[PDB]
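Below: the structure, in structure tokens.
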Amino acid sequence: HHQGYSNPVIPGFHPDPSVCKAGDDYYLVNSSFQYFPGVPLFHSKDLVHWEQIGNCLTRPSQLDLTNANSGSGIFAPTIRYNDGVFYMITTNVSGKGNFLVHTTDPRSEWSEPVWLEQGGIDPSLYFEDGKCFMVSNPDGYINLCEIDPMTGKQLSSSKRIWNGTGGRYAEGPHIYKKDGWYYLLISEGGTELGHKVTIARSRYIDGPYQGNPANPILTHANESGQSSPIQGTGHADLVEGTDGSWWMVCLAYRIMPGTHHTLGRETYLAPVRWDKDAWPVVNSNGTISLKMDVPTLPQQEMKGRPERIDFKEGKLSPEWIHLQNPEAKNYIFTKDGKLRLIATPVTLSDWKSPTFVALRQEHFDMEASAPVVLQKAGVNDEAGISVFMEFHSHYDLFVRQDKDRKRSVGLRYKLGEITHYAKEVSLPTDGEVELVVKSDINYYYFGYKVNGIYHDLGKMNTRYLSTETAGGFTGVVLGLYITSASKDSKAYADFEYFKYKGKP
């Protein structure tokens with residue numbers, strides 16, 4: 001196919017996209033905040049269909065997430081390719097700030113961090129004439145310097161080059177050179193409903209820069225975007241097509257009733273007209289749509305998330321994520337190919353890493369389920385599935401060990417000072433329990449199946465887990481977890497599979 005695609009191109013929690021072209025291959029990275037591994041890494045041949053090939057930050061030495069939460073950890077990343085080397089540059093705001101890692105093979109383990117001198121966030125690199133130029137946004141000014149990207153040494157003084165058109169929170173700077181102009185693209189307006197992309201240019205990389213009279217080049221903040229199901233379009237990165245066409249990846253989100261979003265900021269694609277000696281124009285009127293009826297590069301489908309993920313390979317795919325730095329020894333694979341989680345007393349509301357491993361929710365309408373076999377449990381030990389936004393904002397569905405060798409299914413909502421037990425239901429002595437979470441745009445629905453019978457446990461509003469309600473920079477994840485109620489506990493839980501099916 002050479003025509004038409006659906007947005008978002010990477011659904012669910014995938015913000016701040018940056019992309020690079022390496023020959024006929026495209027590589028893309030997203031911000032990941034408090035989650036480990038960090039900086040998911042995607043590959044495409046057409047900019048539409050993406051396979052997650054790994055993550056850039058896969059080892060604790062690359063990624064200290066001590067006390068990280070949805071408002072901290074890893075912020076926007078940028079990926080670049082130059083002279084056979086890939087660079088990923090980002091900020092760990094919970095740690096030592098701006099750094100990069102590099103590799104000659106994106107599928108391998110990337111380097112240890114190279115810490116950088118210039119401050120602010122949203123660092124980016126541009127290469128020319130054997131030089132490596134870094135931009136970032138300290139004190140709201142886009143600053144430029146030259147660096148040695150292998151040693152981290154700053155080679156020239158930082159220079160303030162632009163501070164945008166006047167909008168709030170000037171960020172996400174990237175430099176491109178085209179038609180003898182240095183173009184400087186940024187985000188303004190904040191990453192909520194006022195998000196916009198603006199652009200300026202200069203004959204000199206160090207300015208002065210003049211803004212495009214047509215700014216902003218992409219936004220749904222104005223009348224033209226007010227009725228769109230997509231809002232908050234911004235944080236773009238321009239990339240060339242294999243046929244000489246132009247494109248941008250950007251973040252946005254899909255709004256829900258009352259102006260909420262729970263799937264995070266996702267990655268979207270837009271075509272760009274960029275004639276010789278002209279300013280770029282994004283999809284004719286600076287808006288994007290869910291159904292994009294436009295010409296594309298020759299399309300090639302990629303592997304996606306299985307509807308039934310099993311653990312027979314004794315490894316988790318790159319899609320799975322933990323909270324902060326996990327205790328690796330508490331995640332093992334059994335001889336018969338189940339995922340075994342080892343209990344600790346850390347709850348999902350402790351602001352520390354629990355025994356917890358999750359997949360991003362990627363559809364409004366979905367069903368997820370897993371069988372749970374809780375073993376060697378003391379009273380009040382529990383294991384199950386959590387619909388998780390933040391340590392103070394999550395819905396937990398679980399099997400619990402009770403006194404006198406009894407067990408129950410519980411449903412608990414954590415919302416700030418509320419911990420609400422919606423249901424506590426006695427289970428039969430025998431029978432494997434499958435826990436089930438469904439959703440539509442309005443509600444999560446909870447249930448369980450045992451001895452061939454499915455039981456409804458009730459429903460809860462989606463809005464209380466939104467970014468607007470809960471705060472932060474992330475989306476809902478669906479996590480398998482286990483928590484013990486004693487230190488003395490030897491409890492563990494086996495999960496034979498994880499099912500996830502989204503409606504397109």
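Residue numbering restarts at 1 for every chain of the structure tokens, chains are lettered A, B, ... in their displayed order, and ligands are numbered from 1 as they appear.
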
At a cut-off of 12 Å, can you tabulate as a tab-separated table every residue of region 150-229 of chain A near region 462-474 of chain A together with its closest atom pair and the distance in Å to one decimal, using only C-alpha atoms and ordering rows by chain then number?
residue	atom	partner	partner_atom	distance
A:190	CA	A:473	CA	11.6
A:191	CA	A:473	CA	8.9
A:192	CA	A:468	CA	9.0
A:193	CA	A:468	CA	10.9

Suppose we keep N, CA and C atoms; can you now write the selection as a compact mmCIF listing (two decimals), in the first residue's frame?
# COMPACT_ATOMS: atom_id res chain seq x y z
N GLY A 190 3.13 24.30 26.32
CA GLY A 190 2.99 23.25 27.31
C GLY A 190 2.43 22.02 26.65
N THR A 191 2.63 20.87 27.29
CA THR A 191 2.21 19.59 26.70
C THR A 191 0.75 19.18 26.98
N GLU A 192 -0.10 20.17 27.26
CA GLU A 192 -1.53 19.96 27.46
C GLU A 192 -2.29 20.58 26.27
N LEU A 193 -3.49 21.16 26.45
CA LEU A 193 -4.29 21.58 25.28
C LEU A 193 -3.68 22.72 24.42

- Show which residues sit within 7 Å of region 348-363 of chain A, as a PyMOL selection string. Count only C-alpha atoms, and ignore same-chain residues fewer than 3 positions away. chain A and resi 11-13+67+263+319-326+330+341-344+366+391-392+476-482+502-503

Requested write-out: N, CA, C and O atoms of the selected residues, as a short mmCIF file (atom, residue, chain, number, x, y, z; two decimals), in the first residue's frame:
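Dumped everything to result_21.cif:
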data_model
loop_
_atom_site.label_atom_id
_atom_site.label_comp_id
_atom_site.auth_asym_id
_atom_site.auth_seq_id
_atom_site.Cartn_x
_atom_site.Cartn_y
_atom_site.Cartn_z
N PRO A 11 0.49 3.61 19.56
CA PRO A 11 -0.51 3.97 20.58
C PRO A 11 -0.04 3.72 22.01
O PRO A 11 0.94 3.00 22.26
N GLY A 12 -0.76 4.32 22.95
CA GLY A 12 -0.39 4.24 24.36
C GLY A 12 0.83 5.07 24.72
O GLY A 12 1.32 5.83 23.90
N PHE A 13 1.30 4.88 25.95
CA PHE A 13 2.31 5.75 26.60
C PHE A 13 3.67 5.77 25.86
O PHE A 13 4.58 4.99 26.14
N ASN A 67 13.69 7.10 43.73
CA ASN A 67 12.58 8.03 43.97
C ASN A 67 11.86 8.62 42.75
O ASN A 67 11.08 9.57 42.88
N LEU A 263 -4.38 7.06 28.20
CA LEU A 263 -3.44 6.26 27.36
C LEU A 263 -2.10 6.96 27.18
O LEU A 263 -1.30 6.57 26.32
N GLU A 319 8.68 -4.80 25.54
CA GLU A 319 7.48 -4.04 25.94
C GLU A 319 7.27 -3.97 27.46
O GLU A 319 6.62 -3.04 27.94
N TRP A 320 7.76 -4.97 28.20
CA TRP A 320 7.50 -5.05 29.64
C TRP A 320 8.34 -4.07 30.45
O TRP A 320 9.56 -3.92 30.22
N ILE A 321 7.70 -3.43 31.42
CA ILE A 321 8.33 -2.37 32.23
C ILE A 321 8.04 -2.51 33.73
O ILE A 321 6.96 -2.93 34.14
N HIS A 322 9.04 -2.11 34.52
CA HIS A 322 9.02 -2.17 35.99
C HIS A 322 8.99 -0.73 36.53
O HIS A 322 9.31 0.21 35.80
N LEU A 323 8.63 -0.58 37.81
CA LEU A 323 8.64 0.72 38.48
C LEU A 323 10.00 0.94 39.13
O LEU A 323 10.45 0.11 39.91
N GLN A 324 10.64 2.05 38.79
CA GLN A 324 11.99 2.37 39.28
C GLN A 324 12.99 1.24 38.96
O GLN A 324 12.79 0.53 37.98
N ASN A 325 14.05 1.08 39.74
CA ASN A 325 15.02 0.00 39.49
C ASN A 325 14.54 -1.29 40.14
O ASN A 325 14.50 -1.37 41.36
N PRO A 326 14.19 -2.31 39.34
CA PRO A 326 13.63 -3.53 39.94
C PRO A 326 14.65 -4.41 40.64
O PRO A 326 15.85 -4.31 40.36
N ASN A 330 13.58 -11.19 41.83
CA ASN A 330 12.17 -11.48 42.10
C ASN A 330 11.32 -11.75 40.88
O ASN A 330 10.11 -11.90 41.02
N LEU A 341 6.62 -14.54 40.09
CA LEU A 341 6.93 -13.31 40.82
C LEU A 341 7.10 -13.63 42.30
O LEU A 341 6.23 -14.25 42.90
N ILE A 342 8.21 -13.18 42.88
CA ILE A 342 8.50 -13.41 44.29
C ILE A 342 8.02 -12.22 45.12
O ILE A 342 8.38 -11.09 44.84
N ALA A 343 7.24 -12.50 46.17
CA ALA A 343 6.67 -11.44 46.99
C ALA A 343 7.73 -10.67 47.77
O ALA A 343 8.75 -11.22 48.20
N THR A 344 7.44 -9.38 47.94
CA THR A 344 8.12 -8.53 48.92
C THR A 344 7.02 -7.75 49.64
O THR A 344 5.88 -7.67 49.13
N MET A 366 -10.41 -2.60 25.41
CA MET A 366 -9.52 -3.77 25.48
C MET A 366 -10.00 -4.74 26.56
O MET A 366 -10.84 -4.39 27.40
N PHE A 391 1.68 5.94 42.11
CA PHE A 391 1.66 5.28 43.41
C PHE A 391 0.41 5.64 44.24
O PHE A 391 -0.02 4.84 45.07
N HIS A 392 -0.17 6.82 44.00
CA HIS A 392 -1.42 7.26 44.66
C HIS A 392 -2.70 7.07 43.83
O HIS A 392 -3.78 7.52 44.25
N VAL A 476 -1.57 5.00 31.61
CA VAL A 476 -1.90 3.78 32.35
C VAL A 476 -1.12 2.56 31.84
O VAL A 476 -0.99 2.33 30.63
N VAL A 477 -0.64 1.76 32.80
CA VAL A 477 0.00 0.47 32.51
C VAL A 477 -0.78 -0.61 33.24
O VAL A 477 -1.48 -0.33 34.23
N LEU A 478 -0.67 -1.83 32.73
CA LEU A 478 -1.39 -2.99 33.27
C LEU A 478 -0.33 -3.93 33.79
O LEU A 478 0.41 -4.52 33.01
N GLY A 479 -0.24 -4.03 35.12
CA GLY A 479 0.89 -4.71 35.78
C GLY A 479 0.50 -5.98 36.53
O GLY A 479 -0.51 -6.00 37.22
N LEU A 480 1.31 -7.01 36.39
CA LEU A 480 1.23 -8.22 37.21
C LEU A 480 2.06 -7.95 38.43
O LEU A 480 3.16 -7.40 38.30
N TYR A 481 1.56 -8.30 39.62
CA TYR A 481 2.25 -7.93 40.87
C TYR A 481 1.98 -8.90 41.99
O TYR A 481 1.04 -9.68 41.93
N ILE A 482 2.83 -8.83 43.02
CA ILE A 482 2.63 -9.61 44.24
C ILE A 482 3.21 -8.84 45.42
O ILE A 482 4.31 -8.31 45.32
N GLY A 502 -6.86 -5.55 21.99
CA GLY A 502 -7.43 -4.21 21.80
C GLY A 502 -8.37 -4.19 20.62
O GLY A 502 -8.16 -4.91 19.66
N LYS A 503 -9.42 -3.37 20.69
CA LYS A 503 -10.28 -3.15 19.52
C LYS A 503 -9.68 -1.96 18.75
O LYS A 503 -9.46 -0.90 19.35
#

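Each of A:150, A:497, A:49, A:33 was compared to residue 93 (chain A) using only C-alpha atoms, and A:33 turns out to be the nearest.
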
- Task: Would you list the contacts of residue 41 (chain A) as a PyMOL selection string, taking every protein, DNA or RNA residue within 6 Å and counting only C-alpha atoms, but skipping same-chain residues closer than 3 positions in sequence?
- Result: chain A and resi 28-29+52-55

- Determine which residues of region 159-315 of chain A receive a DSSP assignment of strand (DSSP E), computed from the backbone, and state them as a ChimeraX atom specification. /A:159-162,171-178,181-188,196-202,210-211,218-219,230-240,246-254,266-273,281-282,291-295,308-310

- Two-atom distance - CA of residue 486 (chain A), CA of residue 394 (chain A) (Å): 22.1 Å

- Task: Give me the residues within 9 Å of region 437-447 of chain A as number ranges by chain, counting only C-alpha atoms and dropping any in the same chain fewer than 4 places off.
- Result: A: 256-257, 363-369, 385, 387, 397, 411, 454-463

Emit the selected residues as a PDB file, in the first residue's frame, including N, CA, C and O atoms.
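And here is the file that came out, out-v2.pdb:
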ATOM      1  N   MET A 256     -11.023  12.173  26.295  1.00  0.00           N
ATOM      2  CA  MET A 256     -12.132  11.390  26.826  1.00  0.00           C
ATOM      3  C   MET A 256     -13.091  12.373  27.519  1.00  0.00           C
ATOM      4  O   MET A 256     -12.685  13.493  27.825  1.00  0.00           O
ATOM      5  N   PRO A 257     -14.341  11.955  27.806  1.00  0.00           N
ATOM      6  CA  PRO A 257     -15.314  12.875  28.398  1.00  0.00           C
ATOM      7  C   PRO A 257     -14.817  13.601  29.660  1.00  0.00           C
ATOM      8  O   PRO A 257     -14.147  13.008  30.511  1.00  0.00           O
ATOM      9  N   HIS A 363      -5.188   0.818  23.991  1.00  0.00           N
ATOM     10  CA  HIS A 363      -6.528   0.989  23.394  1.00  0.00           C
ATOM     11  C   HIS A 363      -7.509   1.412  24.478  1.00  0.00           C
ATOM     12  O   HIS A 363      -7.393   0.968  25.632  1.00  0.00           O
ATOM     13  N   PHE A 364      -8.486   2.232  24.108  1.00  0.00           N
ATOM     14  CA  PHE A 364      -9.601   2.524  25.016  1.00  0.00           C
ATOM     15  C   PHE A 364     -10.443   1.282  25.314  1.00  0.00           C
ATOM     16  O   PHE A 364     -10.842   1.060  26.470  1.00  0.00           O
ATOM     17  N   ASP A 365     -10.735   0.522  24.260  1.00  0.00           N
ATOM     18  CA  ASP A 365     -11.514  -0.707  24.340  1.00  0.00           C
ATOM     19  C   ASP A 365     -10.555  -1.898  24.288  1.00  0.00           C
ATOM     20  O   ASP A 365      -9.941  -2.173  23.245  1.00  0.00           O
ATOM     21  N   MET A 366     -10.411  -2.596  25.413  1.00  0.00           N
ATOM     22  CA  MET A 366      -9.523  -3.766  25.481  1.00  0.00           C
ATOM     23  C   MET A 366     -10.000  -4.741  26.563  1.00  0.00           C
ATOM     24  O   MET A 366     -10.835  -4.394  27.405  1.00  0.00           O
ATOM     25  N   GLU A 367      -9.489  -5.967  26.487  1.00  0.00           N
ATOM     26  CA  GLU A 367      -9.611  -6.957  27.547  1.00  0.00           C
ATOM     27  C   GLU A 367      -8.238  -7.531  27.821  1.00  0.00           C
ATOM     28  O   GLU A 367      -7.527  -7.908  26.892  1.00  0.00           O
ATOM     29  N   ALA A 368      -7.881  -7.595  29.099  1.00  0.00           N
ATOM     30  CA  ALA A 368      -6.642  -8.213  29.527  1.00  0.00           C
ATOM     31  C   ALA A 368      -6.949  -9.245  30.601  1.00  0.00           C
ATOM     32  O   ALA A 368      -7.865  -9.066  31.409  1.00  0.00           O
ATOM     33  N   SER A 369      -6.190 -10.336  30.614  1.00  0.00           N
ATOM     34  CA  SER A 369      -6.392 -11.351  31.647  1.00  0.00           C
ATOM     35  C   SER A 369      -5.154 -12.195  31.894  1.00  0.00           C
ATOM     36  O   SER A 369      -4.279 -12.306  31.032  1.00  0.00           O
ATOM     37  N   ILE A 385      -3.469  -8.243  39.176  1.00  0.00           N
ATOM     38  CA  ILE A 385      -3.312  -7.283  38.090  1.00  0.00           C
ATOM     39  C   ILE A 385      -3.693  -5.909  38.627  1.00  0.00           C
ATOM     40  O   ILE A 385      -4.731  -5.763  39.290  1.00  0.00           O
ATOM     41  N   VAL A 387      -4.311  -1.871  37.415  1.00  0.00           N
ATOM     42  CA  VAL A 387      -4.468  -0.785  36.445  1.00  0.00           C
ATOM     43  C   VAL A 387      -3.822   0.439  37.105  1.00  0.00           C
ATOM     44  O   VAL A 387      -4.387   1.022  38.034  1.00  0.00           O
ATOM     45  N   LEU A 397      -6.761  -5.626  41.278  1.00  0.00           N
ATOM     46  CA  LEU A 397      -7.591  -6.836  41.253  1.00  0.00           C
ATOM     47  C   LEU A 397      -6.709  -8.030  41.615  1.00  0.00           C
ATOM     48  O   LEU A 397      -5.708  -8.280  40.958  1.00  0.00           O
ATOM     49  N   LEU A 411     -11.002  -6.413  45.114  1.00  0.00           N
ATOM     50  CA  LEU A 411     -10.942  -5.290  44.186  1.00  0.00           C
ATOM     51  C   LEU A 411     -10.822  -4.027  45.003  1.00  0.00           C
ATOM     52  O   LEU A 411     -11.718  -3.714  45.784  1.00  0.00           O
ATOM     53  N   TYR A 454     -17.495 -17.325  34.833  1.00  0.00           N
ATOM     54  CA  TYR A 454     -17.082 -15.922  34.882  1.00  0.00           C
ATOM     55  C   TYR A 454     -18.021 -15.126  35.783  1.00  0.00           C
ATOM     56  O   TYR A 454     -19.258 -15.228  35.661  1.00  0.00           O
ATOM     57  N   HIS A 455     -17.417 -14.337  36.666  1.00  0.00           N
ATOM     58  CA  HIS A 455     -18.122 -13.491  37.621  1.00  0.00           C
ATOM     59  C   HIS A 455     -17.725 -12.039  37.428  1.00  0.00           C
ATOM     60  O   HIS A 455     -16.533 -11.726  37.440  1.00  0.00           O
ATOM     61  N   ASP A 456     -18.729 -11.172  37.267  1.00  0.00           N
ATOM     62  CA  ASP A 456     -18.539  -9.719  37.221  1.00  0.00           C
ATOM     63  C   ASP A 456     -18.320  -9.192  38.642  1.00  0.00           C
ATOM     64  O   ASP A 456     -19.069  -9.561  39.560  1.00  0.00           O
ATOM     65  N   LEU A 457     -17.312  -8.350  38.828  1.00  0.00           N
ATOM     66  CA  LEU A 457     -17.022  -7.677  40.112  1.00  0.00           C
ATOM     67  C   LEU A 457     -17.378  -6.197  40.161  1.00  0.00           C
ATOM     68  O   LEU A 457     -17.244  -5.584  41.203  1.00  0.00           O
ATOM     69  N   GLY A 458     -17.808  -5.615  39.047  1.00  0.00           N
ATOM     70  CA  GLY A 458     -18.217  -4.216  39.002  1.00  0.00           C
ATOM     71  C   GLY A 458     -17.316  -3.374  38.126  1.00  0.00           C
ATOM     72  O   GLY A 458     -16.410  -3.899  37.448  1.00  0.00           O
ATOM     73  N   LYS A 459     -17.603  -2.064  38.128  1.00  0.00           N
ATOM     74  CA  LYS A 459     -16.948  -1.113  37.221  1.00  0.00           C
ATOM     75  C   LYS A 459     -16.529   0.166  37.948  1.00  0.00           C
ATOM     76  O   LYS A 459     -17.095   0.521  38.987  1.00  0.00           O
ATOM     77  N   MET A 460     -15.534   0.845  37.384  1.00  0.00           N
ATOM     78  CA  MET A 460     -15.008   2.082  37.944  1.00  0.00           C
ATOM     79  C   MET A 460     -14.632   3.081  36.849  1.00  0.00           C
ATOM     80  O   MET A 460     -14.093   2.703  35.798  1.00  0.00           O
ATOM     81  N   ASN A 461     -14.886   4.363  37.111  1.00  0.00           N
ATOM     82  CA  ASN A 461     -14.637   5.417  36.102  1.00  0.00           C
ATOM     83  C   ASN A 461     -13.172   5.487  35.654  1.00  0.00           C
ATOM     84  O   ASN A 461     -12.252   5.435  36.479  1.00  0.00           O
ATOM     85  N   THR A 462     -12.955   5.693  34.359  1.00  0.00           N
ATOM     86  CA  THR A 462     -11.584   5.873  33.854  1.00  0.00           C
ATOM     87  C   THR A 462     -10.928   7.198  34.303  1.00  0.00           C
ATOM     88  O   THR A 462      -9.694   7.252  34.459  1.00  0.00           O
ATOM     89  N   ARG A 463     -11.721   8.261  34.512  1.00  0.00           N
ATOM     90  CA  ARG A 463     -11.168   9.613  34.695  1.00  0.00           C
ATOM     91  C   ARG A 463     -10.233   9.758  35.895  1.00  0.00           C
ATOM     92  O   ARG A 463      -9.344  10.596  35.885  1.00  0.00           O
TER      93      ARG A 463
END

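Omitting residue 279 (chain A) and its sequence neighbours fewer than 3 positions away, and counting only C-alpha atoms, the residues within 12 Å are residues 178, 179, 181, 182, 183, 184, 185, 198, 199, 200, 201, 210, 211, 212, 213, 214, 215, 216, 217, 272, 273, 274, 275, 276 and 282 of chain A.
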
Restricting the output to C-alpha atoms, write the selected residues as a PDB file, in the first residue's frame.
ATOM      1  CA  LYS A 178      18.035  22.743   4.401  1.00  0.00           C
ATOM      2  CA  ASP A 179      18.476  25.047   1.388  1.00  0.00           C
ATOM      3  CA  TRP A 181      19.196  27.735   6.180  1.00  0.00           C
ATOM      4  CA  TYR A 182      19.559  26.492   9.747  1.00  0.00           C
ATOM      5  CA  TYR A 183      16.014  25.654  10.909  1.00  0.00           C
ATOM      6  CA  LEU A 184      15.282  25.540  14.630  1.00  0.00           C
ATOM      7  CA  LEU A 185      12.104  23.668  15.544  1.00  0.00           C
ATOM      8  CA  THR A 198       6.951  26.550  16.088  1.00  0.00           C
ATOM      9  CA  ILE A 199       9.920  27.046  13.765  1.00  0.00           C
ATOM     10  CA  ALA A 200      12.540  29.705  12.989  1.00  0.00           C
ATOM     11  CA  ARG A 201      15.551  29.985  10.687  1.00  0.00           C
ATOM     12  CA  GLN A 210      13.621  34.753  12.611  1.00  0.00           C
ATOM     13  CA  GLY A 211      10.312  33.000  13.218  1.00  0.00           C
ATOM     14  CA  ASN A 212       8.045  31.655  10.500  1.00  0.00           C
ATOM     15  CA  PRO A 213       5.257  34.224   9.867  1.00  0.00           C
ATOM     16  CA  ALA A 214       2.882  31.222   9.694  1.00  0.00           C
ATOM     17  CA  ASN A 215       3.776  29.939  13.224  1.00  0.00           C
ATOM     18  CA  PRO A 216       2.582  27.707  14.730  1.00  0.00           C
ATOM     19  CA  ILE A 217       3.092  25.014  12.059  1.00  0.00           C
ATOM     20  CA  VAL A 272       5.086  17.774   5.556  1.00  0.00           C
ATOM     21  CA  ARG A 273       5.341  19.860   2.378  1.00  0.00           C
ATOM     22  CA  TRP A 274       8.846  21.343   2.248  1.00  0.00           C
ATOM     23  CA  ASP A 275       9.546  22.908  -1.144  1.00  0.00           C
ATOM     24  CA  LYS A 276      12.986  24.267  -2.050  1.00  0.00           C
ATOM     25  CA  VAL A 282       2.331  20.358   8.119  1.00  0.00           C
TER      26      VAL A 282
END

- Item | 8 Å contact set for residue 161 (chain A), only C-alpha atoms, chain neighbours under 6 positions out, as an MDAnalysis selection string | chainID A and resid 141:144 206:209

Quick one: write out the picked residues with N, CA, C and O atoms as a compact mmCIF listing (two decimals), in the first residue's frame?
# COMPACT_ATOMS: atom_id res chain seq x y z
N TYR A 141 15.72 29.53 27.42
CA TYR A 141 16.43 29.91 26.22
C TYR A 141 17.00 28.67 25.60
O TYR A 141 17.60 27.81 26.30
N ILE A 142 16.85 28.56 24.29
CA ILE A 142 17.53 27.49 23.58
C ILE A 142 19.01 27.89 23.53
O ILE A 142 19.36 28.95 23.01
N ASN A 143 19.86 27.05 24.10
CA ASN A 143 21.32 27.24 24.13
C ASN A 143 22.00 26.24 23.19
O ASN A 143 21.58 25.07 23.11
N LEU A 144 23.04 26.71 22.51
CA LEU A 144 23.82 25.93 21.56
C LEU A 144 25.26 25.84 22.05
O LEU A 144 25.82 26.84 22.49
N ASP A 206 24.34 29.82 14.92
CA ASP A 206 24.29 30.61 16.14
C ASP A 206 23.44 31.88 16.02
O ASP A 206 23.47 32.71 16.90
N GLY A 207 22.61 32.00 14.98
CA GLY A 207 21.60 33.05 14.92
C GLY A 207 22.11 34.38 14.36
O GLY A 207 23.26 34.48 13.90
N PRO A 208 21.27 35.41 14.36
CA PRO A 208 19.94 35.43 14.98
C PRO A 208 18.89 34.71 14.14
O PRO A 208 19.01 34.63 12.91
N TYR A 209 17.89 34.18 14.84
CA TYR A 209 16.82 33.42 14.23
C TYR A 209 15.56 34.29 14.05
O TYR A 209 15.23 35.11 14.90

- Query: Given the choices A:347, A:375, A:69, A:156, which gets closest to residue 495 (chain A) if the distance is worked out from only C-alpha atoms?
  - Reply: A:375

- Tell me which protein, DNA and RNA residues are within 12 Å of residue 380 (chain A), counting only C-alpha atoms, leaving out same-chain ones fewer than 3 positions away, and put them as a ChimeraX atom specification. /A:343,345,347,374,376-377,383,398-410,482-487,489,491
